[PDB]
Structure formats: structure tokens, C-alpha cells
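**Q** Experimental coordinates for this protein are included below, preceded by the sequence.
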Amino acid sequence: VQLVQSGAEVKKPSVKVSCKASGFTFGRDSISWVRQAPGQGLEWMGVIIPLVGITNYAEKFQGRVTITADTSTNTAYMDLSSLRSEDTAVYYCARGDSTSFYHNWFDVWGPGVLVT
Amino acid sequence: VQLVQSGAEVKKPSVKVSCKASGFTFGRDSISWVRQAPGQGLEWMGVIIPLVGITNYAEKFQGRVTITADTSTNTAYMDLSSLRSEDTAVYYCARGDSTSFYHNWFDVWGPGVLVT
Amino acid sequence: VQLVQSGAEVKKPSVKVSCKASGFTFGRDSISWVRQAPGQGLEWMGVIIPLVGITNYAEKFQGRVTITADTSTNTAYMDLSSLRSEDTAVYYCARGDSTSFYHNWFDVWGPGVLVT
Amino acid sequence: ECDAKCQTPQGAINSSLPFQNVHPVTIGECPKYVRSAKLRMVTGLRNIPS
Amino acid sequence: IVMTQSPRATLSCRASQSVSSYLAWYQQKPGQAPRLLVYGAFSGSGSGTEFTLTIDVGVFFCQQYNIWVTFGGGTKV
Amino acid sequence: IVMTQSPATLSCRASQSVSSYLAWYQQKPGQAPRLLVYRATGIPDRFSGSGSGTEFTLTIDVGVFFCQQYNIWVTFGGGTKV
Amino acid sequence: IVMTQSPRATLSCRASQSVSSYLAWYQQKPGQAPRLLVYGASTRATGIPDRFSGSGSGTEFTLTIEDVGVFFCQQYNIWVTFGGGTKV
Amino acid sequence: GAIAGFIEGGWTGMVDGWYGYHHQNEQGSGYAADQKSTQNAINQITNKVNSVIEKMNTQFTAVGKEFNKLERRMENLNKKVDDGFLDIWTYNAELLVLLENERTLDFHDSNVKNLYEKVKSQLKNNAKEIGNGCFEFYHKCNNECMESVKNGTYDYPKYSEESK
Amino acid sequence: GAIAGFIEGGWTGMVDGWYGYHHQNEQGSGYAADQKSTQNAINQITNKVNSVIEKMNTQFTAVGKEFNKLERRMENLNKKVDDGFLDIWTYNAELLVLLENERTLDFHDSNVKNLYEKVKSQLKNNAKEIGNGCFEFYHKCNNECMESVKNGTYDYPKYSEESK
Amino acid sequence: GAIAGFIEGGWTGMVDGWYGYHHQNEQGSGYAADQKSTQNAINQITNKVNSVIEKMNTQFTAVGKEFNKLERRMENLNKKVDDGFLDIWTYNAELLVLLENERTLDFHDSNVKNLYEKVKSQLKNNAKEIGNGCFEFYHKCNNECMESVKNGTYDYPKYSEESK
Amino acid sequence: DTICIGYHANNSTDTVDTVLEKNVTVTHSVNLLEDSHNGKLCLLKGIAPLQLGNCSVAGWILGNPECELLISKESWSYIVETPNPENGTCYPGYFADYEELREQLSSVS
């Protein structure tokens, strides 16, 4: 299954990326989001179990990133606020496991969305 | 809403007054009865909650007055027994509240029924 | 109501007797089986509550008899194993009570099945 | 030129919830009709912020 | 528990026991069922002790609902 | 536990406390028994039992009579010689 | 948790804190999203030609071995954090 | 100021996990979260919602057919059957959600009490239970003490002497 | 005397309120009632009954309709649909009530035990619980102690000295 | 050897009844069973399953109907009503058992804890609760104590002297 | 010193209804009902639907001159008809068994 996305999100220095479920109906999922810096290793950004609404964000990125779910359309957004000039990076959309909410490994990945 | 009544029940020295509910639901409100002596202040008789059937009688009138509900036709009677010559007075049909079963104030009142 | 049985089941030196409930639908009943020795007093075999599945066997006969129940066709069998030459006796099908699973008296009896 | 799982005279429907109340007339694969105003399930705790 | 009545009009009902803010004033015309004016304190005032009702002709009743229910005397106005 | 029969009145001896937990079984030769008294239905009340605790009597139809106890598990007696 | 990378191919990822058997090795070609190779350092995953495998626990694990690009080692015993990129 | 809240009300500073301790100590203040009960609750809730949702399937049909002025009986029959189904479904759905919304809350409010009873049973007598919702140790022990009491390795005999 | 209540059948001298007390003391014998739990029980029971009753609706109809001998095919279908509805409704209602009459009884029999546990927790150690359904105090005091234990302001340190 | 099991897992040598004991004593080893709780559980389970099964009655009917090329509206209506009933019945039958298999397990797992608390209350202080699921007596006595603890006739004051 | 037990709580203001209490607030929830329509017709699989504007099924089959068919049609998933059709049968008449013809033409390939 391939997780489609919105598309290019180039904007002047709020941002709302989007993800969608395709091929598999929404069920036991732990959609997680990973930010790939242009020349650094991958970081971690958050995790959500949309079927219940339980959110959980990383240690550093508590005050900015607010991942929310939407059961109706099988989606999951960001509401990243107070954008900076050092956050220009690709934002994936990685699945996971729901029975291991505290030990999660990413299996499926999305194509990619530019943000700057 | 106006609480209809049976009518005059004058009888020689058991009396079964009746009270009817019209225009409102019979499940969310209590019912209390007040006796108006000809030359004395009002007194308290009892209280009913229809769906659960709880009854709670005054300190003096426990021995004689036995009031009960009937949810079939939204009614409430007195099975008053051992009538005397000092009980000649009017008997109203006052509504109260259910969420305040121990602190009740009478909002609606009935027309009146003679008893002697 | 008389409990029908399989019939003659003489076997050379495994065995599967059967007993069916007829006339009365299977309900709050407790089937029990008694072995009538040719010249000795009766002995106890087991007891079932087929609607629940509980079984309870005699003290000596724990290792051999295996009474099972099938609520689909209202039956009860013995999966008796390791047959000997001293077990030749008639096996009945007696009905007890469910509310008194530890104090049971046999009310109805079956016609009888011979086993050699 | 959009695409949807089913349709209604008032328009198309994009959700996949197991209930709906917009209209009973439908063609396609969509949930049943229910007259209840609003219903929702609870998967949390009691919210007393102390 | 007992109460007594006071013999531009201002009316008051004395209380022989603590009542807090649990009271209501009943106004009725002769030969008719009463009606409720205000509860918890024309306008009322005061709490914990004897209340004041500052002000439609007839008899006024002051009723408390702290322990069971009881009614006071009849106003003579 | 063991019950012994008495070799009209009949009785069965008990080697342990049984209280009021007994029943007398009547069978004709060649047929399955039937329940008499523990009274049961379909009985001409010609016969009845008495006593409890340690010794029981059955005061009084030809064959063999069985006395059965159900205080702990179930066990039968040797039988009646009549 | 900070991790260090390894500059018949053997790659290792030193762990500054005890991890036991909680890793997974990620391999990606340039320009595409990564794909998972193996998890648990001992349990092989799907889509694998058995050309590569790993071993060890509670210590840096050796990843013994188209397969050209950058490899990532990830730990999931306290939240999730990624290590440095392989230079191959 | 760290008033226990499983009777009064929940805290705010906890983000990850539903049920969590408060591992207060000297120079060690900071919230935490139990690593096992939350996962069980998550599994239970996901199973309940999945069972409620994914138990139904639909086909290709719906209300609405046309008739002339002579087939009035058939029109009445069609209206009757459609109304019957439209009543049954609403009643079933309403009662289903109304029944589930109480069971889930009772389960969530029993889990915390079970956890508190477990942590109380582990600490036999060294805990001076205030009753407001949590304890107050007699002996002094470091963050390893809190790690042990969370894990479940605390014991009486080793620390028994300092208690008395 | 005042035999324990909630491990056996309840008393008969209590008229006002379901759950109550027995404020026995010197020259102060006489029943009473709790004015904070029975109100919650009343509210919940009324809510449950109202939700069960007022959920359905009905509209105008005329079930009776006839046909001639030519079109028995339609009667064989009208009878079928009527029987289907007539079976579904009973099989719903019977189970609904058979579940409600168990849930409400369980709730009513848990509330009293919760109240007893609360009143036990308040009285830390001055009690001398017989174990049947109530206690027997050590220190002697007037009805103020009963009124406080009803209210919940009873304190242990003030009366601690007289206990030992 | 006689590891308590109502928290870890059931035994395998217990065949007489569901809930049991372990009368471990000098020259007295051997399992047993409780002859009062098992009977109540049996009655409850029989009542539940009988109520589930026997509430439905059956009667002589038919299903198959055929039509000719014309009057296709009747065939569409018959298919619609048949599908409606075929959906409603399965949606009821699934949830019925899906709730019963939870209620029964909850009841069965509550009964054992109730029995444990009942046996704990009688042994006021003579029992040194290991915490793994059972006790360990201080005083020594023969099988009479084991029989009494089932009989409910055990007393504290008689053995308190040897307990201290 | 104090290992105190609590649970999560936030400022989410929602409302659910239980069988005991009404209008209670909870931290999270999931909605089982939706009231939302796109407002315009889309493609229900297949290829496309028909558009019989200012026409009717009884007028397309006989080919009313002022309806001019629908230019050309080859396949469709479902029919769309204006609720108030003007052009039916120009020559007055009575289409025999017309009602079942709608059933026959409801689903064709």
C-alpha cells in the first residue's frame, strides 16, 4: 500500500501537510512522521493512533508540532506553527504498529513533500 | 401545565382523592401534596417520584396518610384512612423537582378539592 | 419419558454406548450412569451437566471411563478404554438434578444395554 | 469529474463511517439511515482539570 | 423548626434555626392557588438569618426547605 | 461409606452419619428400578420411611429393594433378599 | 540516544547505552524513501535475498553481507532516534 | 503541591500515557508514565472500536420505486417495510452506543484503582498512606528506589531495619 | 440490638432514603439516613428508566388490509413481513429488560459496600470492627461524633490519646 | 510445591470442582473442593445459557417464491425484505455472544477473589499472608482446623495465645 | 518521597451521553455519524452517468425531436432525470406497462 500525499508546499516564512490511506482501510495503525534534514540524519517528530486519538510528540518538538487525526477521511495532518528558516526538509508519512505503541519500527513510507 | 383533579369528594365520617397530569411528561418531576387548613397555615403531607416509586411522609402523618403513584395514566392518590372531624380542608397537587429530592420548592399548584 | 438407547453392543476383548433424550427437550438435567454387576450391588460411574460440560467421575474409575456430551443431538457416551473380562454388566442411563449437583438421586432409568 | 463510493440526490458522500443521516435514497455502497441527531463514542477518561 | 411573621412595603420572616440561603416567598390572592415569587432571595435579601422582602394585595407565605418542608404564618396584609 | 441391609418392616444400617439423605429403590425382576421415597408420585402410600441420622426404617410389591445414600458421592447397598 | 557509525561487507553501529536486541537496519537508494531490511538484529524480515544478516545484542551489532547507497541503524527501546548516515 | 489525583482529578503536565506515577524525590522531581497498563488499555479500546465498526457490510440497493395510480396497495406495503427497517436500525444503534459508553468508562476508572492497589500491596508497611491518594516513605532512598518500586523489585527485609 | 445490615437483609424501620446508618449512642438511639448517596442513586435510576422509555416513537398506520382470491401471492408476503417485525421486536425487548434488571441490581449492591469502605477508611484505627457489618468505638463521646462521622470531619490526632 | 494459583494460573490435579483449596498439612497433603460456590456458579451459568437459547420459538413457514418475466417490482421487493431480515438477525446474533463471553469471564474471575477475601477475613491475624496468593499459619493444629476453615467455625481468641 | 498516582487530563471540551449521566466531558472521542455532502454529482465507478436534462425516459426511447437524444451514448452507470420533465411524448398517448420499463433500464451495460 502506498500512502499518497498533498504535493508541493512552498510558502513564505503555518503549514499543513497531509497524508491519506490508500489500498488498506484504516484500522490498527500507528502513523508516524519523520523529518529528513537536507544533510543530516533523520529525526523523529511524533506518533498518532488515529482510531483512538492518542497523540505523543518528541522531547524537543513538544511546543510546535501538533499532530491531529481525522477518522472520517482516513488522514493525519500537521499544524506546525512559527516556522523558521532552518526547518526546510522533506516530510514523510511512515506507518508502524499499534500493539507496540512504545516500541515502533517504520515499515511503509510515503513518497515525499517539500516544505520550506 | 394545569394539574386536573377528580372533583368534590364530600363523604360521611376512607377518601381517595386523585390528581392527573396533562401537557407534560410524568417521569422527570416529583409530586407533593399540601393541606390548607381553614384558619391555619399550610402543612406538608408527602412526596412521590413516579418512575422509581419512592415515598417519603411527614413526621406526623406517617400513621394514617399513605400516598402512592400510578404510572399507567400519570396519577397519584391518597389512600387516607380513619378520617376525623378536624381534617376538613382543601388538598392541592403541587409539583416539585427530582434532582433535589431533599430540597424541594413547589412551583405548579392544582385548583383544589374539598374534603370533609 | 423413557431414554432411548443404541442397543446391543457386544464387542470382542474400546466401546461406545449411547443414550438419547426423547420426549423431553434437553434442559436442566444431569445424566448419570450406573453399572449393574451380574451378582453384585450397583456401582457408580459418573455424572454430567451437558448444557455446561462439567464432568465428575467416581473415585476408582478415574483412569478408564470418559463421559462426554453433545448438546446438538441430546446424547451422552462412554469412551471406555482398556476393556477387561470382569466388566460384563448392563449399563443404564439415569437422570438426576442440576440444582443439586452434589446431592443427586436417580429418577428415570433406561431400558438397558448389554456389554460383554 | 470527481469519484466517490456512492451518491445521493443532494450530492456525493466521501466518508466511510458506519452510519449516516443525510438521506435514505442512495445508490452505491454507503451506510444505513438513522434519524438520531448526533451520537459519538468515548475512548478516554473523565476530564477534570483539577 | 418554626417561623413567625412580621405584623414601599417591607416584610420579614424570623427563623429560630439556621437556614442559610434556602428560602422562598409565596404570594397568593384570596380564593386562589398560590404562586411562587422568588427563591434564594419586589425583591428579597439576606441569608443565614431572618430574611427581608422589599416591595399585589393578599397574603404572603414564607417557606423554608432546609429540613423537610414547613410553612410560616399568614401575612395579614 | 458402606450400607448394610436387614435380612412388613425393613431397614438398612449405616456405618456413618447420613442425616436425612436417603432413598429406597424398588425394582421387579428383569426391569429397571423406580423411586419410592427419599414422597415420590404414583405411590399408593402403602409404605413409608422413618428415622434419620444413624438408622432408618421402611415400614410397609415383591422383588428386591435397594437403599441408596447421597451424602458423599453415591453408593448403593448389597440388596434385599425378599 | 547517541549512536556512532562504521566508516563480505561488515557495518557496525556503536550504542552508547544498553539496547539489548532492539534495532532495525534501514537501507535506501539515493532519491527514494528507505525500506526496512531486518529488525531485532536476529529476525529476518520480508523482501530479503538472504545476502545480508546481523547478529549480536547488548553491544554493537555487525551487519554482514544494487546494494549501494546509505544505510541507517535505528533503536526503539527509549522513544525513537536515528544514527548517522553510512558513507558507502 | 503534588496532590494525588486519581480521586480528585487528573493532572495536566503528563503528556505520554494515560496512567502515570509521580516519582517525586530529592532533586528528582518530574512526571513519568507506567509502561504496561497503558498498552493494555490501548489494545482494549482498539479492539472494542474495531468490533463495533467493522461488523457491517452494505450492498447495492436503497429505498425508492415509482408506481402508478392503481398500485396503491404495493406503495403502502413498501412504505411500511421501509419505515420498519428505519425504526429498527435507529433503536439498535442508539442502545448500542448508550450501553458501551458506560462500560468503557467503568473499565477506565477501575484500572487506576487496580494499579494503586498493586503498588500498595508491594509496599507492605513502610508506606505512611495519607489517604489523599498516595504514600510518604519513612526511609530515604534514591532514584533507584523509585525505579525498583515502578519495576516491582522492592523488598521488605533489606530496608526493614531503617523503617522502625 | 442493632444487628449488622448489609451482610443480611436490610432493616424495616427506615422509611426516608434507601441507604442509611444507625447512630446508636447513649440516650440517642434512633435510625437516620444519608443525604448524599441516595440522591445520586435516585438520579441515575431515573435517568436509566427515562432513557429506556422515551427512546421510541410511533406514527399513524392501519395494519388491516384485505385481498381477493386472485392475488394470494401478495398476502403470503404481507403475512411474512408482519411476522418478521413481530418476532424482532419481542426478541429485542425481552433481552433488554433481562439485562437491565441485572445491571441495576449489581449497581445497587455495590453502592452500599462503597459507602461502608469509605466510612471504614475515615476511621483509621479507633474502630474495633466486629466484622459482620459495622464497628464498635473505643472512646466515648456525644452525638457530635456521630454527626462528624456522617459529615466527614472526624479527626484522628485529637482523639488518638484516648484510644490507646 | 503448593504454589497458589488464583493469580498465576489454575492447577491440573483439581477435577472435582471449579474452585478449590489445598489442605497442605503434616500427613494431610491432598487437594479438595468447595461445595458451595461451585453450585452457585453452575446455577448462574445454566440460567444464562438457557435464557440465551430458549427465548426463540419456531413455526411452520416457507421461503421460496417464484414469479414470471413481468412484475419485476414484486421480486425486487421480496429480495429487499429478505436481505433486510438476513442482515438484522446476524447483527444481533454477533453482538449477543460477543457480550456474553465477556460478562461470563468477568463473573468467573470475580468469584475467586470474593472467596479469597472471605477466607482472609476469618483469619484475622494468625495468617502471615505471603502475598503470592495464600497464607502460612503460625500455630500448629491437625486437620480439624482445615475442616473448620471450610465450615466457617474457626475462632481467633482460642488460638491467639499460641499465635502470640 | 511520595509516589503519587494520577491520570492524564487536558482541556478538550467534548460531550458524550451515558446510560447513567447526561452531558459528560471526556478527553477523546470518535464520531460514528457524518452529515456532509459534496453538493454535486461525481463518478460512481464505471465510466459516467447520463444527463437527461429537459427530457425523460419515456421520451428518450422514442427519440423526441426536441430532446435530440443525448448526442450519443454507449454505456452508463446510472440515470439522472430532472424531477419535472417537460418533453415526454409529443403525440398524446398512453405507454403500456411503462412502469416496469424503468426497472428494465435501471441497470444495463
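**A** Okay, I see it. Residues are numbered from 1 along each chain as shown, chains lettered A, B, ... in the order given.
**Q** Just the buried residues of stretch K:12-30, please?
**A** Under the neighbour-count criterion of 16 or more other Cβ atoms under 10 Å in any protein chain shown, stretch K:12-30 has K:16, K:17, K:18, K:19, K:20, K:24, K:25, K:26, K:27, K:28, K:29, K:30 buried. Bear in mind the C-beta positions are built from the backbone N, C-alpha and C, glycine included.
**Q** Give me the phi and psi for the single nearest residue of chain E relative to chain D.
**A** For chain E, the residue closest to chain D is residue E:21, as judged by Cβ to the nearest Cβ, at 26.2 Å. With angles defined as degrees, to the nearest 10, residue E:21 shows backbone torsions of phi -100, psi 40.
**Q** sorry, back to before: could you redo the buried residues of stretch K:12-30 as CSV and give each row distance to residue B:106 and secondary structure?
**A** Supplementary listing: the buried residues of stretch K:12-30 in CSV, determined by distance: Cβ to Cβ, whole Å; DSSP: H, G, I helix; E, B strand; the rest coil:
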residue, distance to residue B:106, secondary structure
K:16, 35, strand
K:17, 31, coil
K:18, 31, coil
K:19, 31, coil
K:20, 28, coil
K:24, 31, strand
K:25, 33, coil
K:26, 37, strand
K:27, 41, coil
K:28, 44, coil
K:29, 40, strand
K:30, 45, strand
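**Q** and which of the residues you listed is nearest to residue D:35?
**A** residue K:17 (16.1 Å; Cβ to Cβ).
**Q** Smallest distance to chain B belongs to which residue of chain D?
**A** Of all residues in chain D, the one sitting closest to chain B is residue D:37 (18.8 Å; Cβ to the nearest Cβ).
**Q** How about that residue: what's its closest non-neighbour residue?
**A** Among residues not flanking residue D:37 along the chain, residue D:21 sits closest, at 7.9 Å (Cβ to Cβ, 6 or more residues apart in numbering or on different chains).
**Q** so which helix or strand takes in the one you found?
**A** Under DSSP states H and E, no helix or strand contains residue D:21.
**Q** how about it, what does it touch?
**A** Contact analysis of residue D:21 by Cβ atoms under 8 Å, 6 or more residues apart in numbering or on different chains lists D:33, D:34, D:35, D:36, D:37, K:33, K:35.
**Q** Quick one: buried ones out of these?
**A** D:33, D:34, K:33.
**Q** any idea how far residue D:12 is from the residue nearest in space to the middle of chain D?
**A** Relative to the mean C-alpha position of chain D, the nearest C-alpha, by Cα atoms, centre = their mean, is the one of residue D:20, at 3.7 Å. Counting by Cβ to Cβ, to the nearest Å, the gap from residue D:20 to residue D:12 is 12 Å.
**Q** do the same with residue H:16
**A** Using Cβ to Cβ, one gets 40 Å for the distance from residue H:16 to residue D:12.
**Q** neighbour count winner among these two?
**A** Shown here are residue H:16 and residue D:12; by other Cβ atoms under 10 Å in any protein chain shown, residue D:12 has more neighbours (22 against 19).
**Q** List the residues that contact the more buried one.
**A** Shown in contact with residue D:12 (Cβ under 8 Å, 6+ apart): D:2, D:4, D:6, K:37, K:38, K:40, K:41, K:42.
**Q** How about residue E:27?
**A** Under the criterion of Cβ under 8 Å, 6+ apart, the neighbours of residue E:27 are E:34, E:35, E:37, E:56, E:58, E:60, E:61.
**Q** Tell me which of these fall in strands.
**A** If you go by DSSP state E, those have E:35, E:37, E:60, E:61 in strands.
**Q** burial count for the last one?
**A** Right, residue E:61. Per other Cβ under 10 Å, the neighbour tally for residue E:61 reads 22.
**Q** Distance check, it against residue K:15.
**A** Distance from residue E:61 to residue K:15, by Cβ to Cβ: 40 Å.
**Q** Same check on the first one?
**A** For residue E:35, the distance to residue K:15 equals 36 Å [Cβ to Cβ].
**Q** before we move on, what SS does residue H:146 have?
**A** Classification of residue H:146 by DSSP: H, G, I helix; E, B strand; the rest coil places it in helix.
**Q** Mind telling me what element the residue of chain E positioned farthest from its centre is part of?
**A** The outermost residue of chain E, judged by C-alpha distance from the chain's mean C-alpha position using Cα atoms, centre = their mean, is residue E:31 at 19.4 Å. Assigned by DSSP H and E, residue E:31 falls within no helix or strand.
**Q** List the residues that contact residue 6.
**A** Defaulting to chain A. With Cβ under 8 Å, 6+ apart, residue A:6 has these contacts: A:17, A:18, A:113.
**Q** My question was about chain K, not that one.
**A** Under the contact definition (Cβ under 8 Å, 6+ apart), the residues listed for residue K:6 are H:4, H:5, H:6, H:10, H:11, H:14, H:19, H:20, H:22, H:133.
**Q** repeat that with 6 Å
**A** Counting by Cβ atoms under 6 Å, 6 or more residues apart in numbering or on different chains, residue K:6 makes contact with H:5, H:6, H:10, H:11.
**Q** now, the most widely separated pair of these?
**A** Across these, the two members that end up farthest from each other (Cβ to Cβ) are H:6 and H:11, 10.0 Å apart.
**Q** picking up where we left off before, make JSON lines from the contacts of residue E:27 and add distance to residue I:53 to it.
**A** Putting those into JSON lines (distance: Cβ to Cβ, whole Å) gives the following:
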{"residue": "E:34", "distance to residue I:53": "32"}
{"residue": "E:35", "distance to residue I:53": "31"}
{"residue": "E:37", "distance to residue I:53": "35"}
{"residue": "E:56", "distance to residue I:53": "43"}
{"residue": "E:58", "distance to residue I:53": "41"}
{"residue": "E:60", "distance to residue I:53": "40"}
{"residue": "E:61", "distance to residue I:53": "36"}
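**Q** Weed out the non-buried ones from these.
**A** E:34, E:37, E:60, E:61.
**Q** So in terms of bridging, what pairs with the last one?
**A** Spelled out, that is residue E:61. Using DSSP bridges, the bridge partners assigned to residue E:61 are residue E:26.
**Q** The residue farthest from the centre of chain E: what's it in contact with?
**A** Neighbour list for residue E:31: empty [criterion: Cβ under 6 Å, 6+ apart].
**Q** so how far is residue B:88 from the residue in chain K that chain H sits nearest to?
**A** Distances between chain K and chain H by Cβ to the nearest Cβ are smallest at residue K:9, namely 2.7 Å. With the distance defined as Cβ to Cβ, residue K:9 ends up 61 Å from residue B:88.
**Q** Compare those two and say which one has the larger neighbour count.
**A** Comparing residue K:9 with residue B:88 by other Cβ under 10 Å, the one with more neighbours is residue K:9, at 22 against 13.
**Q** surely the more buried one meets residue H:14?
**A** No - under the contact definition of Cβ atoms under 6 Å, residue K:9 does not touch residue H:14, with a separation of 8.1 Å.
**Q** More neighbours: residue H:6 and residue H:11, which one.
**A** Set residue H:6 next to residue H:11 and count neighbours by other Cβ under 10 Å: residue H:11 wins out with 22 against 19.
**Q** Pairing-wise in the sheet, spell out the partners of the more buried one.
**A** Residue H:11 forms beta bridges with residue K:8, as assigned by DSSP bridges.
**Q** just residue A:94 next, same as before
**A** Where residue A:94 sits in a bridge, its partners, by DSSP bridges, are residue A:32.
**Q** which ones are touching it?
**A** A:32, A:34, A:106, A:109.
**Q** Among those residues, which lie within strands?
**A** With strands identified by DSSP E, the entries of the contacts of residue A:94 that belong to them are residue A:32.
**Q** Just the closest of the ones in strands among the contacts of residue E:27 to residue H:58, please.
**A** Out of these, the one with the shortest distance to residue H:58 is residue E:35. That distance is 57.1 Å, counting by Cβ to Cβ.
**Q** Any idea what the closest one is bridged to?
**A** Assessed by DSSP bridges, residue E:35 has beta-bridge partners residue E:27.
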